[PDB]
């Protein structure tokens, strides 16, 4: 890869946006590389969790400023979005700096989001005369109503700080800048110390549950619970738990 790095260490794959001189702006080539990296992580059985991070002053500064023959063209373009609707493995994003426009997709569609004290969040589209549809409908599911709308309306003229992002729960943790990647990998290791199919099933329970009312969400979640109950790991876990022991999960 020329625009990113892809590395595997144990059960964690790490994708690093690696075009710091262009402030990690997404080109078509970068987008193609990201999708190959995502596919690789989804299909490598050794990989249980994906970490996404950037290099330099920007995490991702957005997109660089035959027709209808494929299904995807009928929906919103996805740009760098990880394939959260079709991949069960959890994703953690570690925001190292400026995060704007299509950069927000990682913040709004991955499972754990942490940031450097230096990170900032915004969307500049209205400042160049365009509507940022996908990005901001996603932001609207994380930030309260008038905060999401303020971000949308202010365009490039305002930036949300890491501290404010943490306050509202747009991120779960602020990390000293030089320790960002280390902490990301620590959290990853902790999540991977849990039973991976239970983790995947729980994530699905939550995310599919968000699409329906609570009562239905509970009944729906029983499907994933029942699927996980049949796993070998679900038979091993409860004995391990009462013995305060870390089992060697088999992901089966």
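Residue numbers count along the first chain shown, from 1.
- How many residues that are in the deposited sequence but not in the model lie between residue 214 and residue 215: none, 1 to 3, 4 to 9, or 10 or more? Unmodelled stretch: none, continuous chain.
Stretch with the greater mean C-alpha B-factor as recorded in the entry, comparing 43 to 51 against 196 to 204: Mean C-alpha B-factor is greater for 43 to 51.
- Task: Using the B-factors recorded in the PDB entry, average over the C-alpha atoms of 101 to 109 and of 175 to 183, then report which stretch comes out higher.
- Result: In the deposited entry, the stretch with the higher C-alpha B-factor mean is 175 to 183.
Please place residue 117 in the lowest, middle or highest third of its chain according to the CA B-factor in the PDB entry. Tercile = highest for this residue's CA B-factor.
- Task: Would you please rank residue 68 by its C-alpha temperature factor against the other modelled residues of its chain and give the third it falls in: lowest, middle or highest?
- Result: Middle third, going by the recorded CA B-factors of the chain.
Worksheet entry | Assigned third (lowest, middle, highest) for the C-alpha B factor of residue 191 | It falls in the bottom third of the chain.
- Message: What third of the chain does residue 160 rank in for C-alpha temperature factor, lowest, middle or highest?
- Response: It falls in the bottom third of the chain.
Considering only modelled residues of the same chain, in which third does the CA B-factor of residue 128 rank: lowest, middle or highest? For residue 128, the deposited C-alpha B-factor lands in the middle third.
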